[PDB]
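As a convention, Cβ positions derive from the backbone with ideal geometry for all residues, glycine included, and neighbour counts pool all protein chains shown. Nothing in this text is a laboratory measurement; each read-out follows from the coordinates by a stated rule.
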Amino acid sequence: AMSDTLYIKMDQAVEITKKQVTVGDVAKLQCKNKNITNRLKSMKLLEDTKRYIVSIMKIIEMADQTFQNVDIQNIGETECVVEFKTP
């Protein structure tokens, strides 16, 4: 019986030019099991069409909803301001 440990360090603020912001645009990830971070890196958090705050709990809900035996350890911020450029 093996649980994967996922380490999350979210940024405080992020400037984004893109159409979509993903978990990886917002936080650095580490897991020994790369299937975990590869999937989570790319998951849509939100799509552009000014600034949107992301809660760590949203990312955790997502990981818990996506993955089987993955417990999370939060290393970083709990709230993050994403601001879209291209004005």
Completion exercise
So the compactness index of the chain, its C-alpha Rg divided by 2.2 N^0.38 Å, takes the value 1.09
Practice task
Report, in deg cm²/dmol and to the nearest 500, the calculated mean residue ellipticity at 222 nm for the chain, where each DSSP H run with n ≥ 4 adds -39500 (n - 2.57) and the sum is divided by the residue count.
Solution key: -6500 deg cm²/dmol
Exercise for the section: Mind ranking 58-71, 28-41 by how tightly packed they are, going by the mean number of other C-beta atoms within 10 angstrom, highest first? Expected result: 28-41, 58-71
Exercise for the section: Quick one: which residues, 5 or more positions from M10 or on another chain, have an amide H under 5 Å from its amide H? H modelled 1.01 Å from N in the peptide plane, none for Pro or chain starts. Expected result: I75, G76, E77
Practice task
Enumerate the calculated ³J(HN,Hα) couplings along segment 37-48 in order (Karplus 6.51 cos²θ - 1.76 cosθ + 1.60, θ = phi - 60°), each rounded to whole Hz, writing x wherever the residue is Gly or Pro.
Solution key: 5, 4, 5, 5, 3, 8, 7, 4, 9, 4, 10, 3
